[PDB]
Amino acid sequence: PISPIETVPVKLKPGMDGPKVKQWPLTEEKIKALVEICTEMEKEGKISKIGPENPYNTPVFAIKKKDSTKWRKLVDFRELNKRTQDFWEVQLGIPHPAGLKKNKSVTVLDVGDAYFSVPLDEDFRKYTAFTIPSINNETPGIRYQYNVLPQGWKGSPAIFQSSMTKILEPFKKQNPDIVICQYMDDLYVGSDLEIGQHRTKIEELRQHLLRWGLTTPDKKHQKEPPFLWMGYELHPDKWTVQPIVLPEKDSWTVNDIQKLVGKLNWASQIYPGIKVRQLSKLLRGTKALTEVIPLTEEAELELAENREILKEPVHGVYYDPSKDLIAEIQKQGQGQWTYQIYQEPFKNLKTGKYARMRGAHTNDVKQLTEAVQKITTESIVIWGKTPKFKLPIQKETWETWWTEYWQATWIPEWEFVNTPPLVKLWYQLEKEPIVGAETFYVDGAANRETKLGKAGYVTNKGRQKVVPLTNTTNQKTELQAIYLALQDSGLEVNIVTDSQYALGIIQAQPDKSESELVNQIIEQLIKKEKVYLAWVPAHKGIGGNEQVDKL
Amino acid sequence: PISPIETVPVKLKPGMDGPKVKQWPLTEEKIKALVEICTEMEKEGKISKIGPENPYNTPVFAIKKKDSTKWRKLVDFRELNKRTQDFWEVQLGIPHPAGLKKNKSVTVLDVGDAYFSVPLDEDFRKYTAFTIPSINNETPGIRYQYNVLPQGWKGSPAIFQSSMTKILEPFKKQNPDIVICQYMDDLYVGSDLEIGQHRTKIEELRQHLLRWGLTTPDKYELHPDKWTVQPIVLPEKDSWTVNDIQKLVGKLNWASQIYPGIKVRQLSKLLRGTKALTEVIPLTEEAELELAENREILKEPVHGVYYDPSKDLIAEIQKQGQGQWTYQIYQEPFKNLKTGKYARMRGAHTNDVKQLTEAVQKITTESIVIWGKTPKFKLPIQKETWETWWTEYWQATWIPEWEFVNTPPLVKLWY
Ligand SMILES: Nc1ncnc2c1ncn2[C@@H]1O[C@H](COP(=O)(O)OP(=O)(O)OP(=O)(O)O)[C@@H](O)[C@H]1O
Ligand SMILES: [Mn+2]
Ligand SMILES: [Mn+2]
Ligand SMILES: [Mn+2]
Ligand code: NA
């Protein structure tokens with residue numbers, strides 16, 4: 001029906017005016033198929049009659065469910081939505097099953113046609129104007145406008161949600177012990193009551209809603225598991241994600257990819273890695289909703305990756321507030337790490353993989369830290385608390401990093417786990433200069449233009465060297481010079497550079513980098529027994545430095 | 001004495017719309033706290049539940065202010081504060097007293113309670129919208145807006161000033177030598193009276209305010225007298241290696257960015273060559289002159305260092321190690337107004353974030369007491385690390401501005 005609830009006041013963006021978008025002519029079959037659907041709507045009071053004084057229009061379409069000859073009306077609101085005000089957030093957050101606690105009694109209701117059940121602000125109704133073309137191309141078109149929240153309009157979700165919340169409030173306060181989760185019109189009603197009294201309360205809830213025009217169709221979740229809610233299968237002692245299937249098409253239409261992105265946005269929240277960069281790009285520019293768009297080699301490859309993602313299944317158990325949360329992390333194949341959160345052994349609430357940072361040079365202890373932080377924030381969102389950590393690093397390793405590192409850093413309370421690989425620091429720069437070890441004064445430089453350069457050194461023992469290089473830059477030649485000295489040197493060495501840039505990288509004790517050059521330096525440093533890196537200002541004419549200049 | 005009054009129209013700086021900041025996730029504990037506070041605040045009429053047509057939002061959280069059982073709500077109005085008109089009540093007519101930093105004692109009184117008695121301009125309210133989150137995203141999340149002056153908002157002090165003035169006028173009469181300064185939600189009350197005689201005048205002032213509508217918490221104490229400065233210094237030895245001399249000619253070259261009065265010539269000399277780092281080099285070329293003359297130069301204040309109240313104070317902090325931290329407040333690079341060293345919670349303690357968060361608050365209190373203006377910090381931490389934990393150690397009713405950096409050999413130049 002149509003709820004007797006108060007409408008939410010709506011406004012168009014400041015300075016903007018309603019959509020005035022021209023509609024293109026459709027087939028006779030549709031121009032009737034629509035007149036047929038719009039009449040069933042004009043009846044129930046959803047849409048409503050209009051004509052003259054309405055200077056607005058939003059394009060209309062019609063499409064068939066390939067399997068049953070059913071045409072459904074599809075209004076293109078892309079323009080009314082650019083012109084509609086912003087509303088606050090429909091949670092980039094969707095409930096996670098592992099966050100649910102076990103409930104003796106459980107029910108899963110959904111409202112049929114939830115949107116048409118909520119009324120649209122009167123003063124905004126006119127901006128939803130659309131018209132059904134004429135077949136005989138004689139009749140002055142059939143102009144309509146909405147009286148209820150329209151599907152696809154910017155604020156329908158937010159306003160419906162706001163309206164559910166208010167209609168449920170009286171009941172939720174009336175029955176404080178029964179838990180209700182709500183994502184749109186999907187209600188997971190769980191209680192402690194016995195089948196008998198639960199089903200009773202469910203009935204007064206189904207009636208509290210009908211009283212406000214919100215219908216719970218007889219397709220109420222059976223009060224029998226598995227329950228399907230939010231895309232998960234809620235079994236009595238476990239849960240699983242219904243595998244997500246993405247369409248395989250030859251020809252993609254604006255509307256299709258538009259829908260693919262939606263589905264994938266939702267999904268990206270259960271599976272990480274899902275990318276919609278190269279697809280949202282296809283929706284760039286205002287192209288007819290049916291005009292076929294060709295997928296860029298990137299988009300075509302993006303979809304393939306996402307599809308590879310969603311093949312993996314996902315399952316877990318429910319949450320027990322009595323026990324402590326525990327999260328373990330394993331290092332895995334250079335830059336990835338997997339982890340699991342559980343309360344009981346091998347009964348995982350949730351698991352995942354965390355991908356390396358966008359950083360240019362990093363080390364394992366760093367990443368492990370970034371990892372701890374993500375699980376921490378994740379757990380707070382899901383359970384409201386932090387989990388105790390089981391980590392593959394020793395108190396000594398970390399206390400050594402926690403010491404030498406110049407940026408503030410911390411890891412919550414944890415416990416060591418012997419499961420290899422262990423995270424470790426692959427080398428230690430010497431604090432004090434090395435007595436007896438050769439001292440290399442290292443320097444480099446390139447021409448900001450030609451991009452040609454020279455990297456070399458000069459040691460105390462009179463040793464010298466200078467290599468010429470093409471397509472390089474000062475910075476790189478400076479690291480190149482440090483590399484040289486590290487090659488042409490003993491197991492213990494002293495290096496002196498004027499480059500603060502190069503000092504800064506090596507100083508962070510990187511065990512992996514993006515530029516091979518650094519990686520070579522890294523492998524070189526590891527093999528050395530003792531290394532001491534010193535810094536001195538440039539062109540001030542200091543030690544061998546002033547003379548390491550052979551340009 | 002301002003209650004069923006007419007509001008004071010308030011507007012946002014030109015071309016700027018209200019804030020739309022994400023509510024960071026909170027712990028079940030803090031949420032339950034925010035919930036009872038807001039439903040109480042809702043019954044007293046200070047806030048109102050709002051619809052979803054209000055598109056604005058400002059983060060919210062809770063803390064246990066300087067050691068109490070009770071949770072205090074704390075709204076992070078930094079963005080709103082930035083987009084709000086500069087207030088033209090310009091109580092700036094009440095310049096920051098230079099004696100507060102000179103007093104033997106300074107107590108800090110939370111007067112925030114005050115604000116909640118003055119109505120907020122009905123058109124400006126929509127911009128004070130905040131959201132109490134739900135655990136696991138199981139419910140929509142409670143959305144409120146303030147119907148009164150909100151603690152933490154830039155205009156509450158401005159708009160309530162007059163009224164504060166008229167409440168303190170009596171006390172200040174019967175108490176001439178006391179210095180009373182206000183910053184945001186707090187009263188800064190200093191005096192040169194013996195401690196016991198101080199803690200007495202305060203409890204007096206409390207009661208006084210108490211009899212005038214303002215309710216303050218029961219019996220923070222500072223002593224600006226002992227605040228000291230951290231001067232740049234050089235090492236002293238009997239044997240000096242090439243290494244020691246390089247690290248010395250190095251630091252000194254950087255300090256020349258602050259005091260031109262530094263010379264390294266008799267030291268750039270000593271490094272003539274290509275010697276081994278360890279080779280104990282002589283105390284040559286009257287270098288004593290450089291070291292000596294320069295050693296002194298680190299006792300004269302920079303050429304033209306003065307507090308311009310029209311610029312922002314900046315604060316860089318370096319982790320030194322061993323629970324020790326160094327910092328500098330300045331408005332113009334190298335023209336530090338102050339350089340200090342938090343180093344508290346030293347010896348037995350392991351939590352950088354906790355330490356850096358307590359330092360930031362300590363540097364901020366000092367900056368207010370001294371200039372009556374919080375500085376913008378440059379924190380030596382990673383964004384993600386700081387945002388995961390900082391709110392677990394915050395205890396101030398204000399939040400300063402901040403950004404994240406990467407510290408290089410600058411620590412060396414401050415140890
Ligand atoms: N769980 C959900 N996830 C995403 N969108 C939803 C969800 N529930 C409702 N909506 C949005 O609200 C619109 C209106 O809801 P409506 O009641 O018509 O359908 P539904 O909730 O998807 O299920 P049903 O068609 O069985 O009633 C949907 O078409 C959809 O765009
Ligand atoms: Mn539904
Ligand atoms: Mn639904
Ligand atoms: Mn160089
Ligand atoms: Na359950």
# chains A, B, ... in the order shown; residues from 1 in each chain; ligands from 1
>>> residues_near_ligand(ligand="ligand 3", cutoff="10 Å", atoms="only C-alpha atoms and all ligand atoms", output="ChimeraX atom specification")
/A:109-115,182-187,229-230
>>> residues_near_ligand(ligand="ligand 4", cutoff="7 Å", atoms="only C-alpha atoms and all ligand atoms", output="PDB file with N, CA, C and O atoms, in the first residue's frame")
ATOM      1  N   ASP A 443      79.779   9.284  -4.488  1.00  0.00           N
ATOM      2  CA  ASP A 443      79.050  10.377  -5.100  1.00  0.00           C
ATOM      3  C   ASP A 443      78.515  10.068  -6.498  1.00  0.00           C
ATOM      4  O   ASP A 443      79.037   9.213  -7.213  1.00  0.00           O
ATOM      5  N   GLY A 444      77.478  10.803  -6.886  1.00  0.00           N
ATOM      6  CA  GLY A 444      76.877  10.628  -8.196  1.00  0.00           C
ATOM      7  C   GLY A 444      76.246  11.920  -8.682  1.00  0.00           C
ATOM      8  O   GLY A 444      76.001  12.848  -7.906  1.00  0.00           O
ATOM      9  N   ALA A 445      75.983  11.986  -9.979  1.00  0.00           N
ATOM     10  CA  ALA A 445      75.374  13.167 -10.563  1.00  0.00           C
ATOM     11  C   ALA A 445      75.019  12.931 -12.024  1.00  0.00           C
ATOM     12  O   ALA A 445      75.703  12.193 -12.722  1.00  0.00           O
ATOM     13  N   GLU A 478      73.063   8.620  -7.332  1.00  0.00           N
ATOM     14  CA  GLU A 478      73.538   8.686  -5.951  1.00  0.00           C
ATOM     15  C   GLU A 478      73.385   7.336  -5.264  1.00  0.00           C
ATOM     16  O   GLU A 478      74.150   6.990  -4.364  1.00  0.00           O
ATOM     17  N   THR A 497      78.071   9.497   2.014  1.00  0.00           N
ATOM     18  CA  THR A 497      77.368  10.115   0.892  1.00  0.00           C
ATOM     19  C   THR A 497      76.917  11.524   1.220  1.00  0.00           C
ATOM     20  O   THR A 497      76.847  11.881   2.400  1.00  0.00           O
ATOM     21  N   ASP A 498      76.631  12.342   0.212  1.00  0.00           N
ATOM     22  CA  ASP A 498      76.162  13.692   0.475  1.00  0.00           C
ATOM     23  C   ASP A 498      74.627  13.711   0.285  1.00  0.00           C
ATOM     24  O   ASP A 498      73.934  14.576   0.796  1.00  0.00           O
ATOM     25  N   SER A 499      74.108  12.702  -0.413  1.00  0.00           N
ATOM     26  CA  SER A 499      72.669  12.564  -0.680  1.00  0.00           C
ATOM     27  C   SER A 499      71.828  12.151   0.532  1.00  0.00           C
ATOM     28  O   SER A 499      71.944  11.037   1.044  1.00  0.00           O
ATOM     29  N   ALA A 538      76.540  18.736   1.022  1.00  0.00           N
ATOM     30  CA  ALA A 538      76.969  18.794  -0.374  1.00  0.00           C
ATOM     31  C   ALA A 538      77.637  20.112  -0.787  1.00  0.00           C
ATOM     32  O   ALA A 538      77.139  21.202  -0.505  1.00  0.00           O
TER      33      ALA A 538
END
>>> interface_residues(of="chain B", to="chain A", cutoff="7 Å", atoms="only C-alpha atoms", output="number ranges by chain")
B: 25-28, 51-56, 135-139, 246, 250, 268, 271-278, 319, 321, 351-353, 380-381, 385, 388, 407-408
>>> write_last_selection(atoms="C-alpha atoms", output="PDB file, in the first residue's frame")
ATOM      1  CA  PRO B  25      34.207   3.456  14.018  1.00  0.00           C
ATOM      2  CA  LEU B  26      33.983   3.326  17.834  1.00  0.00           C
ATOM      3  CA  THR B  27      34.191   0.525  20.417  1.00  0.00           C
ATOM      4  CA  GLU B  28      31.115  -0.986  21.985  1.00  0.00           C
ATOM      5  CA  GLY B  51      16.200  13.200   9.274  1.00  0.00           C
ATOM      6  CA  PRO B  52      18.409  11.954   6.429  1.00  0.00           C
ATOM      7  CA  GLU B  53      17.755  15.117   4.368  1.00  0.00           C
ATOM      8  CA  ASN B  54      20.418  16.715   6.504  1.00  0.00           C
ATOM      9  CA  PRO B  55      23.542  15.848   4.483  1.00  0.00           C
ATOM     10  CA  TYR B  56      26.139  17.069   7.006  1.00  0.00           C
ATOM     11  CA  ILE B 135      28.220  -2.119  16.105  1.00  0.00           C
ATOM     12  CA  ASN B 136      28.590  -4.228  13.006  1.00  0.00           C
ATOM     13  CA  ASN B 137      26.418  -1.842  11.033  1.00  0.00           C
ATOM     14  CA  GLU B 138      23.293  -3.589  12.272  1.00  0.00           C
ATOM     15  CA  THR B 139      21.183  -0.470  12.500  1.00  0.00           C
ATOM     16  CA  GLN B 246      81.994  15.346  10.015  1.00  0.00           C
ATOM     17  CA  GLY B 250      77.231  18.702   9.521  1.00  0.00           C
ATOM     18  CA  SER B 268      85.846  22.238   6.630  1.00  0.00           C
ATOM     19  CA  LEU B 271      88.385  17.421   6.690  1.00  0.00           C
ATOM     20  CA  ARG B 272      90.595  18.246   3.711  1.00  0.00           C
ATOM     21  CA  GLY B 273      91.479  14.840   2.295  1.00  0.00           C
ATOM     22  CA  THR B 274      89.996  11.342   2.122  1.00  0.00           C
ATOM     23  CA  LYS B 275      90.751   9.837   5.527  1.00  0.00           C
ATOM     24  CA  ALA B 276      89.332   6.812   7.262  1.00  0.00           C
ATOM     25  CA  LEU B 277      86.395   7.716   9.505  1.00  0.00           C
ATOM     26  CA  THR B 278      88.079   6.360  12.620  1.00  0.00           C
ATOM     27  CA  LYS B 319      61.079  10.838  18.557  1.00  0.00           C
ATOM     28  CA  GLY B 321      64.307   7.436  21.928  1.00  0.00           C
ATOM     29  CA  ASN B 351      53.847   2.866  23.617  1.00  0.00           C
ATOM     30  CA  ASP B 352      54.953   5.575  21.164  1.00  0.00           C
ATOM     31  CA  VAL B 353      51.440   6.515  20.142  1.00  0.00           C
ATOM     32  CA  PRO B 380      56.309  11.829  13.155  1.00  0.00           C
ATOM     33  CA  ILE B 381      53.950   8.893  12.729  1.00  0.00           C
ATOM     34  CA  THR B 385      48.877   4.199  12.968  1.00  0.00           C
ATOM     35  CA  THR B 388      43.858   3.713  14.903  1.00  0.00           C
ATOM     36  CA  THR B 407      61.563  12.488   9.966  1.00  0.00           C
ATOM     37  CA  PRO B 408      65.149  12.267   8.566  1.00  0.00           C
TER      38      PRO B 408
END
>>> residues_near_ligand(ligand="ligand 5", cutoff="8 Å", atoms="only C-alpha atoms and all ligand atoms", output="PyMOL selection string")
chain A and resi 100-106+190+234+236+318
>>> write_last_selection(atoms="N, CA, C and O atoms", output="CSV table (one decimal), in the first residue's frame")
chain,number,residue,atom,x,y,z
A,100,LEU,N,27.1,-11.5,14.2
A,100,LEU,CA,25.8,-11.9,14.8
A,100,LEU,C,26.1,-12.9,15.9
A,100,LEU,O,27.1,-13.7,15.8
A,101,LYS,N,25.3,-12.8,16.9
A,101,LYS,CA,25.5,-13.8,18.0
A,101,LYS,C,24.4,-14.9,17.8
A,101,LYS,O,23.5,-14.6,17.0
A,102,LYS,N,24.6,-16.1,18.3
A,102,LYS,CA,23.6,-17.1,18.1
A,102,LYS,C,22.3,-16.7,18.7
A,102,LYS,O,22.2,-16.2,19.9
A,103,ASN,N,21.2,-16.9,18.0
A,103,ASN,CA,19.8,-16.6,18.5
A,103,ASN,C,19.0,-17.9,18.5
A,103,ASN,O,18.8,-18.5,17.4
A,104,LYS,N,18.4,-18.2,19.6
A,104,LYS,CA,17.5,-19.4,19.7
A,104,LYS,C,16.4,-19.3,18.6
A,104,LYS,O,16.3,-20.2,17.7
A,105,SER,N,15.6,-18.2,18.7
A,105,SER,CA,14.6,-18.0,17.7
A,105,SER,C,15.1,-17.0,16.7
A,105,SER,O,15.8,-16.1,17.0
A,106,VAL,N,14.7,-17.2,15.4
A,106,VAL,CA,15.1,-16.3,14.4
A,106,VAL,C,14.0,-16.2,13.3
A,106,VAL,O,13.3,-17.2,13.1
A,190,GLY,N,15.6,-11.6,15.6
A,190,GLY,CA,16.1,-12.7,16.4
A,190,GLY,C,15.7,-12.5,17.9
A,190,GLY,O,15.9,-11.4,18.4
A,234,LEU,N,22.3,-18.3,6.7
A,234,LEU,CA,22.5,-18.4,8.1
A,234,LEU,C,22.1,-19.8,8.7
A,234,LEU,O,20.9,-20.0,9.0
A,236,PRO,N,22.2,-22.8,11.6
A,236,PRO,CA,22.2,-22.7,13.1
A,236,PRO,C,23.6,-22.6,13.8
A,236,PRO,O,23.8,-21.9,14.8
A,318,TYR,N,29.4,-18.2,14.3
A,318,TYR,CA,28.9,-17.0,14.9
A,318,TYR,C,29.7,-16.5,16.1
A,318,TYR,O,30.7,-17.1,16.5
>>> select_by_dssp(residues="segment 100-178 of chain B", states="helix (DSSP H, G or I)", output="PyMOL selection string")
chain B and resi 100-102+112-117+125-128+135-137+155-174
>>> residues_around(residues="segment 95-98 of chain B", least_positions_apart="3", cutoff="7 Å", atoms="only C-alpha atoms", output="count of residues only")
4
>>> closest_residue(among="B:279, B:324, B:304, B:362", to="residue 350 of chain B", atoms="only C-alpha atoms")
B:324
>>> decode(residues="segment 365-400 of chain A", atoms="N, CA and C atoms", output="mmCIF file, in the first residue's frame")
data_model
loop_
_atom_site.group_PDB
_atom_site.id
_atom_site.type_symbol
_atom_site.label_atom_id
_atom_site.label_comp_id
_atom_site.auth_asym_id
_atom_site.auth_seq_id
_atom_site.Cartn_x
_atom_site.Cartn_y
_atom_site.Cartn_z
ATOM 1 N N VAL A 365 58.586 -5.942 8.929
ATOM 2 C CA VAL A 365 58.050 -5.540 10.220
ATOM 3 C C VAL A 365 57.046 -4.379 10.046
ATOM 4 N N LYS A 366 57.291 -3.530 9.049
ATOM 5 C CA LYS A 366 56.392 -2.418 8.772
ATOM 6 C C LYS A 366 55.043 -2.978 8.370
ATOM 7 N N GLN A 367 55.038 -3.767 7.297
ATOM 8 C CA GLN A 367 53.814 -4.374 6.779
ATOM 9 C C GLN A 367 53.025 -5.126 7.843
ATOM 10 N N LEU A 368 53.740 -5.875 8.671
ATOM 11 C CA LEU A 368 53.104 -6.611 9.740
ATOM 12 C C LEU A 368 52.329 -5.620 10.615
ATOM 13 N N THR A 369 52.906 -4.434 10.805
ATOM 14 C CA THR A 369 52.274 -3.413 11.621
ATOM 15 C C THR A 369 51.027 -2.859 10.953
ATOM 16 N N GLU A 370 51.141 -2.562 9.661
ATOM 17 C CA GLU A 370 50.008 -2.039 8.913
ATOM 18 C C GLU A 370 48.902 -3.066 8.946
ATOM 19 N N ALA A 371 49.298 -4.339 8.924
ATOM 20 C CA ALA A 371 48.350 -5.445 8.970
ATOM 21 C C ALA A 371 47.582 -5.494 10.285
ATOM 22 N N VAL A 372 48.304 -5.399 11.393
ATOM 23 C CA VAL A 372 47.695 -5.418 12.722
ATOM 24 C C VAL A 372 46.640 -4.319 12.818
ATOM 25 N N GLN A 373 47.014 -3.135 12.333
ATOM 26 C CA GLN A 373 46.123 -1.986 12.354
ATOM 27 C C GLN A 373 44.829 -2.256 11.597
ATOM 28 N N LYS A 374 44.907 -2.799 10.382
ATOM 29 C CA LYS A 374 43.680 -3.101 9.619
ATOM 30 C C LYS A 374 42.761 -4.096 10.332
ATOM 31 N N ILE A 375 43.313 -5.197 10.835
ATOM 32 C CA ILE A 375 42.477 -6.140 11.586
ATOM 33 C C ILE A 375 41.877 -5.425 12.823
ATOM 34 N N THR A 376 42.672 -4.578 13.477
ATOM 35 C CA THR A 376 42.160 -3.847 14.645
ATOM 36 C C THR A 376 40.916 -3.046 14.298
ATOM 37 N N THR A 377 41.031 -2.169 13.302
ATOM 38 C CA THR A 377 39.884 -1.357 12.894
ATOM 39 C C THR A 377 38.700 -2.215 12.428
ATOM 40 N N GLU A 378 39.025 -3.292 11.722
ATOM 41 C CA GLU A 378 38.022 -4.227 11.220
ATOM 42 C C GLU A 378 37.253 -4.853 12.365
ATOM 43 N N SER A 379 37.990 -5.330 13.367
ATOM 44 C CA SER A 379 37.361 -5.951 14.520
ATOM 45 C C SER A 379 36.544 -4.960 15.282
ATOM 46 N N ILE A 380 36.993 -3.714 15.349
ATOM 47 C CA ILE A 380 36.186 -2.773 16.102
ATOM 48 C C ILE A 380 34.854 -2.588 15.388
ATOM 49 N N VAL A 381 34.897 -2.462 14.066
ATOM 50 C CA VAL A 381 33.665 -2.304 13.315
ATOM 51 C C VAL A 381 32.774 -3.501 13.560
ATOM 52 N N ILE A 382 33.328 -4.693 13.426
ATOM 53 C CA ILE A 382 32.481 -5.868 13.554
ATOM 54 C C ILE A 382 32.024 -6.286 14.945
ATOM 55 N N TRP A 383 32.948 -6.301 15.912
ATOM 56 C CA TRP A 383 32.611 -6.766 17.241
ATOM 57 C C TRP A 383 32.636 -5.719 18.301
ATOM 58 N N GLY A 384 33.175 -4.552 17.974
ATOM 59 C CA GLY A 384 33.224 -3.481 18.952
ATOM 60 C C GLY A 384 34.441 -3.492 19.866
ATOM 61 N N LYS A 385 35.356 -4.434 19.641
ATOM 62 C CA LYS A 385 36.558 -4.534 20.453
ATOM 63 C C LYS A 385 37.751 -4.959 19.631
ATOM 64 N N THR A 386 38.922 -4.913 20.243
ATOM 65 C CA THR A 386 40.133 -5.322 19.570
ATOM 66 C C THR A 386 40.391 -6.790 19.874
ATOM 67 N N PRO A 387 41.096 -7.483 18.978
ATOM 68 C CA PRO A 387 41.347 -8.891 19.252
ATOM 69 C C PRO A 387 42.749 -9.086 19.759
ATOM 70 N N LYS A 388 42.970 -10.121 20.566
ATOM 71 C CA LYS A 388 44.316 -10.407 21.063
ATOM 72 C C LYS A 388 45.057 -10.989 19.863
ATOM 73 N N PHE A 389 46.296 -10.570 19.629
ATOM 74 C CA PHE A 389 47.048 -11.062 18.477
ATOM 75 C C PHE A 389 48.063 -12.163 18.711
ATOM 76 N N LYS A 390 48.141 -13.062 17.738
ATOM 77 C CA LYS A 390 49.126 -14.135 17.729
ATOM 78 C C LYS A 390 49.951 -13.749 16.498
ATOM 79 N N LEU A 391 51.221 -13.399 16.718
ATOM 80 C CA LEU A 391 52.089 -12.943 15.634
ATOM 81 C C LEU A 391 53.410 -13.697 15.460
ATOM 82 N N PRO A 392 53.874 -13.792 14.197
ATOM 83 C CA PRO A 392 55.105 -14.450 13.730
ATOM 84 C C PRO A 392 56.347 -13.567 13.827
ATOM 85 N N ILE A 393 56.483 -12.863 14.939
ATOM 86 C CA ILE A 393 57.616 -11.968 15.152
ATOM 87 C C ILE A 393 58.004 -12.113 16.602
ATOM 88 N N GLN A 394 59.279 -11.986 16.918
ATOM 89 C CA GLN A 394 59.678 -12.141 18.306
ATOM 90 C C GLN A 394 59.793 -10.816 19.038
ATOM 91 N N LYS A 395 59.582 -10.855 20.351
ATOM 92 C CA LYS A 395 59.684 -9.670 21.181
ATOM 93 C C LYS A 395 60.991 -8.932 20.960
ATOM 94 N N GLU A 396 62.042 -9.675 20.654
ATOM 95 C CA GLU A 396 63.345 -9.076 20.434
ATOM 96 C C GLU A 396 63.397 -8.345 19.110
ATOM 97 N N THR A 397 62.939 -8.997 18.049
ATOM 98 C CA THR A 397 62.977 -8.384 16.727
ATOM 99 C C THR A 397 62.348 -7.007 16.766
ATOM 100 N N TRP A 398 61.082 -6.997 17.168
ATOM 101 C CA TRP A 398 60.286 -5.793 17.259
ATOM 102 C C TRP A 398 60.888 -4.756 18.215
ATOM 103 N N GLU A 399 61.282 -5.179 19.407
ATOM 104 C CA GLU A 399 61.865 -4.238 20.338
ATOM 105 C C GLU A 399 63.114 -3.610 19.708
ATOM 106 N N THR A 400 63.724 -4.306 18.764
ATOM 107 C CA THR A 400 64.895 -3.762 18.088
ATOM 108 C C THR A 400 64.474 -2.693 17.072
#
